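Engineer: Chains as they are written, first to last, in the authors' numbering: chain C, 3 to 252; chain D, 2 to 252; chain B, 1 to 252; chain A, 3 to 252.
The C-beta atom is built at its ideal place from N, Cα and C for all residues, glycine as well.
Let me give you the structure first, and then I'll get to my questions.
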Amino acid sequence: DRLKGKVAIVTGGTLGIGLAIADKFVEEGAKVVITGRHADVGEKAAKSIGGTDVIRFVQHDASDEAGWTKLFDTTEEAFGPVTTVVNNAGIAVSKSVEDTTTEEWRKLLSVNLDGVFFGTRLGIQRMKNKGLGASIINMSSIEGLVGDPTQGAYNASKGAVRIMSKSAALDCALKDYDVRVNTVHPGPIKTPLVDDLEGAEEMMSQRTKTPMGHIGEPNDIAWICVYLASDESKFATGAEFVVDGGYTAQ
Amino acid sequence: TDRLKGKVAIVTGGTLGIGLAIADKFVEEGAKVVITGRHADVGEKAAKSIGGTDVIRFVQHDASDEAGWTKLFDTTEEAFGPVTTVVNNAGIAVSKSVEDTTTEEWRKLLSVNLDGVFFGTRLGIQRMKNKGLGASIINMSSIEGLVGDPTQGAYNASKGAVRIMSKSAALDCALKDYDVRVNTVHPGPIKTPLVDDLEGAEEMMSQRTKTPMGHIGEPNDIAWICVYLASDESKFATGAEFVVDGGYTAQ
Amino acid sequence: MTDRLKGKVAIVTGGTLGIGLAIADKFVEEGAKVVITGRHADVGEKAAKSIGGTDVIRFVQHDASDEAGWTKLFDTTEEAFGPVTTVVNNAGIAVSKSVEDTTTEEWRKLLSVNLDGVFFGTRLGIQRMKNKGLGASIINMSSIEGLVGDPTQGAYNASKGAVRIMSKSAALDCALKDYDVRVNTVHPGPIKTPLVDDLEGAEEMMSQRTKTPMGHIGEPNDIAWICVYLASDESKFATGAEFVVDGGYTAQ
Amino acid sequence: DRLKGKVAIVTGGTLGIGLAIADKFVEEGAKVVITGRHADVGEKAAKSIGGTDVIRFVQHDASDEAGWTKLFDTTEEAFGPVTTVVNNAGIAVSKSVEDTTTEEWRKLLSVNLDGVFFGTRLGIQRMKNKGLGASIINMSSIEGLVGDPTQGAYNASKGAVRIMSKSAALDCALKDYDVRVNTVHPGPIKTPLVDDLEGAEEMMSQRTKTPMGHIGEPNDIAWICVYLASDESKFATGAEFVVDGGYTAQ
Ligand SMILES: NC(=O)c1ccc[n+]([C@@H]2O[C@H](COP(=O)([O-])OP(=O)(O)OC[C@H]3O[C@@H](n4cnc5c(N)ncnc54)[C@H](OP(=O)(O)O)[C@@H]3O)[C@@H](O)[C@H]2O)c1
Ligand SMILES: NC(=O)c1ccc[n+]([C@@H]2O[C@H](COP(=O)([O-])OP(=O)(O)OC[C@H]3O[C@@H](n4cnc5c(N)ncnc54)[C@H](OP(=O)(O)O)[C@@H]3O)[C@@H](O)[C@H]2O)c1
Ligand SMILES: NC(=O)c1ccc[n+]([C@@H]2O[C@H](COP(=O)([O-])OP(=O)(O)OC[C@H]3O[C@@H](n4cnc5c(N)ncnc54)[C@H](OP(=O)(O)O)[C@@H]3O)[C@@H](O)[C@H]2O)c1
Ligand SMILES: [Cl-]
Ligand SMILES: [Cl-]
Ligand SMILES: [Cl-]
Ligand SMILES: [Mg+2]
Ligand SMILES: [Mg+2]
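See the structure below:
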């Protein structure tokens, strides 16, 4: 259907937002590789969506540079030329800038920023100039648009992804690469991980935070990623797609 | 399966160009559509080019005509049932710097591009709130609502106004649990017979210093993002700006 | 009196109260000659005298939505002080209505001042200040409400988003044509002024930490000082930009 | 007199933009410590501005975390408690995202991002709750607002600075630290950084790039920094100050 012929890598694809992206990608006809760090979880997640003819799990840590080349080779071996890269893997640190230790800072940025860099750079190299309608979708958060006093390192990583993606988009467009790069900026989304933090959903559902008075669900982010992966969005590049319940509109 | 099943849409300025493509893809996705425009022969031919009166109808209406807006909703509702979707797309251009803009040009453009969008948004909230329709208002606000252009002063004013007024509406609807979303769409240069009739226009906007992709878009590029915004797929998106511009604003 | 605006001649619309008064006050303190406008001659004459004598500041009764009066206002100012170098389009009004609840009368009245007035002053300011080596500067008063929405200020939001982007168009045309005129926008957050004071509950609502992270609203001098920077030749490379002084309001 | 009583650290204050900031800060009454890696350049720069009663040089690489603590100690010993931190040190790499080596990425980010994090975190720690009218000014760029196809790592670093600074501003404000944090976004400015990239001034002077048709001068950035360091800006925090010749207005 809407993603006919697409082959997608979805990092952090075994839980929450990434899992829903993979689910709707398969529903729309794409073949998907979802990555994660734990194999006992990752395989049941893939099977929860489809069989190995449409979706497969590959253990990969987004900060693992060499593993990225291996991840692409495995995906192409399974499904053919990669067309779509969703850089979704990330981690959080609940600290102000003042209270962030240098170890927390470096570890978060090696996943949230270096990992997105590794996936974007390689995706451009492996997908340019092949008539694929290639699309790189970088998950860049409402925390890439506004600050949060207790997400200092996360804010830095998401702001970096936001503008680095415009650089990539412009270079691909100017060089007729047939690769588009866009960022998605989710507001608060209900996941089992948000569930395990007592008070988190309640805090984020305050009207002063999310004007809709509730947080979203993973499918809310999947559907905008479907649009961005499909050729329906062949004129969209370097842009920010915000699905946040009004959070940044006030 | 149809992504706009059961939706009922008004698309102003929907007989040519971007509005016509939005109407076409809306019908294709299962919506019933009323398109508006000022000229009846163009408008009737436009509607029939998309489908029969069971899925699409033309209503003659100038978007700056405040009184006509209530009749337009009534006509749409009697044909298709309650309106769920309003695309405020009607708009005109003035090729003048702020310095060179006449007061008559200023007022005429703003009466369509700003007053009209206000009339449709205000009435849309009134008529669609609290009805469980998954209502969506889509305001066309242009890259000229994000960046300035030295020779588009009044257009820039109108589109910046639509951009932020739409956030006001989105927030009020959300805080009041109205079940109405309001978002803006920001097209870059798009090929239309309007652009084709202006010699060198497509060539100027295709320069890499304007559009990095080196070409201008097509009306269906805007239609597809409007389908996303009209559908229940985007039920968590409100008050946000959706930019389809070939990279224009990213540099 | 010091000298960061030496030789400048400024029109400050709505300069008899609140933010406009503070702009005029600090402009005079920095060496500028100033004409303030307003609709009430009694408040306005006293406002000007409260800042200085007629050799540094004068009041002119003018509604900013009155197009023909704009030409007379420039003539009167240049007759008094020489060619105008600086236009601060500050006059503005508010309406506490959602988009849904805004009447068309309220919509047109607010926009005739907040948008048409800024257009009239920007258009005429370009015509009368271009190509004169003045280091000219047009400062258009937007608001944080030109950057984010407010559910109960629909028309005001529209007017301030219009000012924000129209000003960019004017700045670009002036720059590309070497007019020696800059155009920038100032976006105050909540500021203690009569506009705020006489909206019951407004300061209290805006002082909440969920609104202004600094936990209080600003004061008129906060906006005067960024305007002094923008009117001075210190900002000669600044054009088409948005200057936000808002207590952190738009950072979260 | 506009900076009477202020004590400022200006990283990379020995050439270009940072030198002009230091110069104007001293003119307005501040005591200033400038940093840089090269003591030959730095000692002369300090002497070109004033005597050791108003300005001193400290050899320090902004990417050196341990050195930041020494730098604040040295400044305190000379001039009293620091009131103003200008995180200005930065470098550039003329590579698209596709063409960026991981070494180039890590080197630029360790200076442009880690260094701004180190100085912001330390500035907050050292200046909070002292009633100093403290101000942290983080040097971003128009390249933290828009992309550039050939400055991918730089774009990443400047977008990170932009949004991390908002987080810091918010935390300082909500906690009543009496510390403001803002970012400055220069457009092209004539500096050794620009003068060494051959053809860069000519490129950035095109009207399609800078509408004013010329690039700026270091004093253009000095004056907005004076405003931000002074108590004139006591209501300005978390905001972006753009001095760019119209670059980002089109
Ligand atoms: N400047 C740019 O950068 C640029 C370039 C290309 C496209 N765009 C985008 O294109 C979008 C839509 O414009 P378009 O190019 O599709 O225009 P278009 O091709 O001229 O189509 C105009 C449609 O609106 C109708 N219309 C005109 N005035 C009207 C009124 N007062 N009331 C109701 N309908 C009216 C037209 O004819 P009738 O009145 O006879 O029906 C026609 O159906 C804008 O948001 C703009 O951002 C922008
Ligand atoms: N206060 C805030 O929190 C705040 C925040 C962001 C932006 N702003 C903006 O800053 C500007 C000044 O606001 P403020 O709070 O200082 O307002 P204010 O305290 O109400 O003062 C408004 C001034 O404008 C004059 N004025 C009003 N309507 C006018 C018209 N049609 N023509 C000429 N002068 C007129 C008033 O004098 P007369 O009544 O005698 O005419 C008065 O001198 C406005 O553009 C406002 O939107 C204010
Ligand atoms: N020039 C522009 O057009 C422009 C535009 C926007 C933003 N900016 C930003 O403004 C800032 C200053 O740029 P500029 O053009 O003035 O550069 P510049 O002329 O090359 O000056 C660089 C200064 O920083 C110092 N420096 C370099 N690496 C350092 C390190 N690791 N630790 C400490 N100091 C270091 C240099 O001294 P040593 O070599 O002795 O260390 C020198 O004092 C940078 O953040 C830049 O990204 C510049
Ligand atoms: Cl994210
Ligand atoms: Cl009057
Ligand atoms: Cl200290
Ligand atoms: Mg906000
Ligand atoms: Mg641009």
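Below 8 Å between beta carbons: does that hold for D:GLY52 and D:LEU195?
Structural biologist: Taking 8 Å as the Cβ cut-off, D:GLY52 and D:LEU195 do not qualify as a contacting pair.
Engineer: So what's D:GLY247 in DSSP terms, helix, strand or just coil?
Structural biologist: If DSSP states are grouped into helix, strand and coil, D:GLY247 belongs with coil.
Engineer: Is there at least one non-hydrogen atom of ligand 6 closer than 7 Å to the beta-carbon of C:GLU100?
Structural biologist: Incorrect: C:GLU100 has no Cβ contact closer than 7 Å to ligand 6.
Engineer: Give the range of the alpha helix (DSSP H) segment to which C:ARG58 is assigned.
Structural biologist: From DSSP, C:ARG58 is part of no alpha helix (DSSP H) but of the beta strand (DSSP E) over 57-61.
Engineer: Run through the segment 43-128 of chain B for me and flag every whole alpha helix (DSSP H) of 4 or more residues, listed as ranges in chain order.
Structural biologist: For the segment 43-128 of chain B, whole alpha helix (DSSP H) runs of length 4 or above, ordered along the chain, are 67-81 and 104-114.
Engineer: Listing by chain order, which chain C residues have their CB less than 9 Å from the CB of B:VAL148?
Structural biologist: Going along chain C in sequence order, the residues near B:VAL148 (Cβ under 9 Å) are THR250, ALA251 and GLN252.
Engineer: Counting pairs of beta carbons, one from the segment 60-74 of chain B and one from the segment 110-130 of chain B, are three or more of them closer than 8 Å?
Structural biologist: Because the criterion of three Cβ pairs below 8 Å is met, the segment 60-74 of chain B and the segment 110-130 of chain B touch.
Engineer: Taking D:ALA202 as the reference, give the member of D:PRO190, D:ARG164 and D:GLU219 with the closest Cα.
Structural biologist: Minimum Cα distance to D:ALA202 is reached at D:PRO190.
Engineer: Between A:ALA175 and A:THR85, which are expected to be in contact by the criterion C-beta below 8 Å, what is the C-beta distance as a whole number of angstroms?
Structural biologist: With 8 Å as the limit, A:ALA175 and A:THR85 do not qualify as a contact, their Cβ atoms being about 17 Å apart.
Engineer: Is D:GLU219 helix, strand or coil when you go by DSSP?
Structural biologist: In the structure shown, D:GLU219 sits in coil (DSSP, three-state: anything other than H, G, I, E or B).
Engineer: Hey, out of B:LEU73, B:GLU29 and B:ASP3, whose CA is closest to B:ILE36's CA?
Structural biologist: When each option's Cα is compared against that of B:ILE36, the closest is B:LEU73.
Engineer: I'd like to know if the segment 13-27 of chain B and the segment 215-226 of chain B are in contact, where contact means that at least 3 CB-CB pairs between them fall below 8 Å.
Structural biologist: Short answer: they touch.
Engineer: Three-state secondary structure (DSSP) at C:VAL148?
Structural biologist: Three-state result, C:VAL148: coil.
Engineer: Report the neighbours of A:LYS211 on chain C: residues whose CB is nearer than 8 Å to its CB, in chain order.
Structural biologist: Per Cβ cutoff of 8 Å: no residues; A:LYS211 is ~13 Å from chain C at best.
Engineer: D:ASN131 by DSSP, collapsed to three states: which one?
Structural biologist: Reduced to three states, the DSSP call for D:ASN131 is coil.
Engineer: Could you check whether the Cβ of B:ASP63 sits closer than 7 Å to any heavy atom belonging to ligand 5?
Structural biologist: Indeed, a heavy atom of ligand 5 lies less than 7 Å from the Cβ.
Engineer: Under 8 Å, with one C-beta from each stretch per pair, do the segment 139-149 of chain D and the segment 132-144 of chain B reach the 3-pair mark?
Structural biologist: Verdict: no, contact absent.
Engineer: Give the straight-line distance between the Cα atoms of B:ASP42 and B:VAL12, rounded to the nearest whole angstrom.
Structural biologist: Distance between the alpha carbons of B:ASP42 and B:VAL12: 17 Å.
Engineer: Alpha carbons only, please: which of A:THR212, A:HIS62, A:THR77 and A:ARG108 is nearest the one belonging to A:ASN90?
Structural biologist: Nearest of A:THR212, A:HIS62, A:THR77 and A:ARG108 to A:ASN90, Cα basis: A:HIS62.
Engineer: Nearest to B:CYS227 by CA position, among B:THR2, B:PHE27, B:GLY15 and B:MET1, is which residue?
Structural biologist: Out of B:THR2, B:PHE27, B:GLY15 and B:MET1, B:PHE27 has the C-alpha closest to the C-alpha of B:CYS227.
Engineer: What three-state label does DSSP hand A:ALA24 in the structure shown?
Structural biologist: Reduced to three states, the DSSP call for A:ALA24 is helix.
Engineer: With a threshold of 8 Å between beta-carbons, can B:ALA32 be considered close to chain D, or not?
Structural biologist: It does not; no Cβ of chain D falls within 8 Å.
Engineer: With a threshold of 8 Å on Cβ separation, who are the neighbours of A:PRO213 within its own chain once the five nearest residues in sequence on each side are excluded?
Structural biologist: Closer than 8 Å at Cβ, skipping near neighbours: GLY247, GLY248, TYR249, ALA251 and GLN252.
Engineer: Starting from the Cα of B:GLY82, find the closest Cα among B:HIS187, B:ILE57, B:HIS216 and B:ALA162 and give me that residue.
Structural biologist: Closest by alpha carbon: B:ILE57.
Engineer: Closer than 8 Å, Cβ to any Cβ of chain A: which residues of the segment 65-83 of chain B, in chain order?
Structural biologist: Per Cβ criterion, the list is empty.
Engineer: Shorter than 8 Å from the beta carbon of residue 1 of chain D to some beta carbon of chain B?
Structural biologist: Residue 1 of chain D falls outside the range modelled here, since chain D spans only 2 to 252, and no answer is possible.
Engineer: With a 10 Å radius around its C-beta and 16 neighbouring C-beta atoms as the bar for buried, classify A:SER50 as buried or exposed.
Structural biologist: A:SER50 is exposed by the Cβ-count criterion.
Engineer: Which first and last residues belong to the beta strand (DSSP E) in which C:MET141 is found?
Structural biologist: Element bounds for C:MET141: 136-141.
Engineer: Tell me whether the beta-carbon of C:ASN157 lies closer than 8 Å to the beta-carbon of A:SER112.
Structural biologist: No. Outside cutoff.
Engineer: Considering only the beta carbon of each residue, do D:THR185 and D:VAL163 sit closer than 8 Å?
Structural biologist: Cβ atoms of D:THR185 and D:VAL163: closer than 8 Å.
Engineer: Where does B:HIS187 land, buried or exposed, given buried means 16+ other C-beta within 10 angstroms?
Structural biologist: When all chains shown are included, B:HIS187 counts as buried.
Engineer: Quick check on D:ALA162 - is its C-beta less than 8 Å from some C-beta in chain C?
Structural biologist: Not an interface residue.
Engineer: Using CA coordinates, which residue listed in A:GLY125, A:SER167 and A:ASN131 is at the minimum distance from A:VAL9?
Structural biologist: Among A:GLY125, A:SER167 and A:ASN131, the Cα nearest to that of A:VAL9 is on A:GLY125.
Engineer: How many angstroms separate the CA atom of C:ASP55 from the CA atom of C:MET129?
Structural biologist: Between C:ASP55 and C:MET129, the C-alpha separation is close to 22 Å.
Engineer: Taking the C-alpha atoms as reference points, what is the distance between A:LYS177 and C:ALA155?
Structural biologist: Whole-angstrom Cα-Cα distance: 18 Å.
Engineer: Any residues whose CB sits closer than 5 Å to a heavy atom of ligand 4? List them in chain order?
Structural biologist: So the residues near ligand 4 by this Cβ test are C:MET141 and C:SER143.
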